[PDB]
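Q: model this:
(one chain, ligands or ions: 1)
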Amino acid sequence: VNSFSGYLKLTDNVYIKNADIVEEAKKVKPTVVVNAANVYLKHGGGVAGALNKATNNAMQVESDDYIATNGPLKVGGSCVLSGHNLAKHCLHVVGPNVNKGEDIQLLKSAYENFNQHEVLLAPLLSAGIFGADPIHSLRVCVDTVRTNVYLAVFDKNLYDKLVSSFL
Ligand SMILES: O=C(O)C[C@H](NC(=O)c1ncnc2[nH]ccc12)c1ccccc1
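A: Numbers count the residues shown, from 1 in each chain. Find the structure here:
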């Protein structure tokens with residue numbers, strides 16, 4: 001039993017809510033919040049800009065040190081950093097950004113990173129300003145992630161569409 005509230009059950013292990021992931025993080029303080037990152041960990045907009053803003057830019061400062069030491073992530077890859085005031089840890093996961101012309105096939109690899117964590121609060125990877133089909137991303141999530149994932153969808157119309165079309 002955990003502290004997430006008002007989530008709709010999609011499958012055995014995947015739940016979904018129309019909510020601001022930042023506000024969900026502040027309320028639950030999960031062990032892991034997932035960031036929809038890019039390979040440079042430059043947290044400008046979307047989930048990343050929103051999470052980073054909520055940390056008062058501490059996420060960005062930590063991320064810049066990470067990149068200076070390790071270089072960029074791979075598309076489909078991830079790293080574990082601090083969750084700052086939002087969570088114990090932040091799992092920065094790079095899904096493909098279709099508006100950058102990146103390989104849609106790497107979305108499954110991106111979701112595989114979730115399987116290293118028993119429970120996660122996460123956004124829908126590659127959706128929103130990342131430009132992929134969100135119905136497709138949800139199918140990949142449910143078909144790839146085996147651990148317990150609580151998906152927070154910001155856009156109300158998007159949430160309603162995702163629920164109403166889910167197989
Ligand atoms: O769920 C959605 O609508 C799509 C989602 N976007 C956000 O979660 C989001 N975007 C902008 N400002 C925000 N402030 C608090 C949350 C938030 C998303 C998923 C994957 C990549 C990029 C974006």
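Q: any idea how far the longest helix along the chain is from the chain center?
A: Scanning the chain for the longest helix, with DSSP state H as the assignment, gives helix 58-70. Offset of helix 58-70 from its chain centre (C-alpha atoms, centre = their mean, to the nearest Å): 18 Å.
Q: Residue 147 and residue 118 touch, don't they?
A: Yes - counting by C-beta atoms under 8 Å, residue 147 touches residue 118, with 5.4 Å between them. Every C-beta, even on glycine, is put in place using the N, C-alpha and C of the backbone.
Q: ok, those two, which is more surrounded?
A: Each of residue 147 and residue 118 has its neighbours counted (other C-beta atoms under 10 Å); residue 147 has more, 14 against 9.
Q: roughly how far apart are residue 166 and residue 2?
A: Using C-beta to C-beta, to the nearest Å, residue 166 is found at 22 Å from residue 2.
Q: quick one, which of these two is more surrounded?
A: More crowded of residue 166 and residue 2, by other C-beta under 10 Å: residue 166, with 15 against 11.
Q: Now do the contacts for the residue lying closest to that one once chain neighbours are set aside.
A: If the residues on either side of it in the chain are set aside, residue 166 comes closest to residue 10, at 6.2 Å by C-beta to C-beta, 6 or more residues apart in numbering. By C-beta atoms under 8 Å, 6 or more residues apart in numbering, the contact set of residue 10 is 16, 142, 166.
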